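Asker: Shown below is the structure under consideration.
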Amino acid sequence: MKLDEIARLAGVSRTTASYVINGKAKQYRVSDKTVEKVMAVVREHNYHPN
């Protein structure tokens with residue numbers, strides 16, 4: 001469950017997915033569009049920000 005697979009499984013990039021993993025989406029530029037998109041993967045796999 002690495003960051004790259006979470007990005008492919010969700011549909012973003014190595015760091016864009018990280019935004020969702022770290023809970024910083026709104027800070028960067030994925031306010032909600034990627035939140036449900038990428039969070040659904042981060043939380044379904046239970047991957048934490050590291």
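In the structure tokens, the first chain shown is A, the next is B, and so on; residue numbers restart at 1 for each chain, and ligands run from 1 in the order shown.
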Which residues, written as a PDB file with C-alpha atoms, in the first residue's frame, have at least one atom at most 12 Å from residue 16 (chain A), with only C-alpha atoms counted and residues fewer than 6 positions away on the same chain left out?

Answerer:
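Saved result, part.pdb, follows:
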ATOM      1  CA  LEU A   3       1.714   6.257  -2.196  1.00  0.00           C
ATOM      2  CA  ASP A   4       2.106   5.531  -5.970  1.00  0.00           C
ATOM      3  CA  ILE A   6      -2.949   4.867  -3.997  1.00  0.00           C
ATOM      4  CA  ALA A   7      -2.505   7.517  -6.769  1.00  0.00           C
ATOM      5  CA  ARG A   8      -3.161   4.974  -9.596  1.00  0.00           C
ATOM      6  CA  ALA A  10      -7.568   6.678  -6.904  1.00  0.00           C
ATOM      7  CA  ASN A  22      -2.143  13.665   4.575  1.00  0.00           C
ATOM      8  CA  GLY A  23      -5.641  15.341   4.695  1.00  0.00           C
ATOM      9  CA  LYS A  24      -4.246  18.508   2.995  1.00  0.00           C
ATOM     10  CA  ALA A  25      -6.371  18.458  -0.243  1.00  0.00           C
ATOM     11  CA  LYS A  26      -7.913  21.949   0.373  1.00  0.00           C
ATOM     12  CA  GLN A  27      -4.362  23.275   1.217  1.00  0.00           C
ATOM     13  CA  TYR A  28      -3.027  22.235  -2.211  1.00  0.00           C
ATOM     14  CA  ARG A  29      -5.742  22.291  -4.976  1.00  0.00           C
ATOM     15  CA  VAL A  30      -7.977  19.184  -4.592  1.00  0.00           C
ATOM     16  CA  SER A  31     -10.600  20.798  -2.227  1.00  0.00           C
ATOM     17  CA  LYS A  33     -12.922  16.673  -6.529  1.00  0.00           C
ATOM     18  CA  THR A  34      -9.986  14.393  -5.525  1.00  0.00           C
ATOM     19  CA  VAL A  35     -11.113  14.167  -1.834  1.00  0.00           C
ATOM     20  CA  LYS A  37     -11.847  10.273  -5.549  1.00  0.00           C
ATOM     21  CA  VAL A  38      -8.526   9.722  -3.692  1.00  0.00           C
ATOM     22  CA  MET A  39      -9.904   9.531  -0.078  1.00  0.00           C
ATOM     23  CA  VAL A  42      -6.780   5.973   1.032  1.00  0.00           C
TER      24      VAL A  42
END

Asker: Mind listing the helix (DSSP H, G or I) residues of chain A, per DSSP on the backbone, as a VMD selection string?

Answerer: chain A and resid 3 to 10 14 to 22 33 to 45

Asker: Go ahead and write the residues just picked, C-alpha atoms, as a compact mmCIF listing (two decimals), in the first residue's frame.

Answerer:
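Output saved as again11.txt:
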# COMPACT_ATOMS: atom_id res chain seq x y z
CA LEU A 3 1.71 6.26 -2.20
CA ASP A 4 2.11 5.53 -5.97
CA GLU A 5 -0.49 2.68 -6.01
CA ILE A 6 -2.95 4.87 -4.00
CA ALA A 7 -2.50 7.52 -6.77
CA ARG A 8 -3.16 4.97 -9.60
CA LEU A 9 -6.03 3.22 -7.70
CA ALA A 10 -7.57 6.68 -6.90
CA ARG A 14 2.32 10.41 -6.36
CA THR A 15 1.82 13.71 -4.40
CA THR A 16 -1.78 14.63 -5.43
CA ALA A 17 -2.88 11.37 -3.80
CA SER A 18 -0.58 12.26 -0.83
CA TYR A 19 -2.76 15.42 -0.41
CA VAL A 20 -5.67 13.13 0.39
CA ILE A 21 -3.51 10.72 2.51
CA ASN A 22 -2.14 13.67 4.58
CA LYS A 33 -12.92 16.67 -6.53
CA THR A 34 -9.99 14.39 -5.52
CA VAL A 35 -11.11 14.17 -1.83
CA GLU A 36 -13.94 11.66 -2.58
CA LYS A 37 -11.85 10.27 -5.55
CA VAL A 38 -8.53 9.72 -3.69
CA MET A 39 -9.90 9.53 -0.08
CA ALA A 40 -12.17 6.58 -1.07
CA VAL A 41 -8.91 4.68 -1.92
CA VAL A 42 -6.78 5.97 1.03
CA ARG A 43 -9.56 5.02 3.51
CA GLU A 44 -10.63 1.76 1.71
CA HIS A 45 -6.99 0.54 1.86
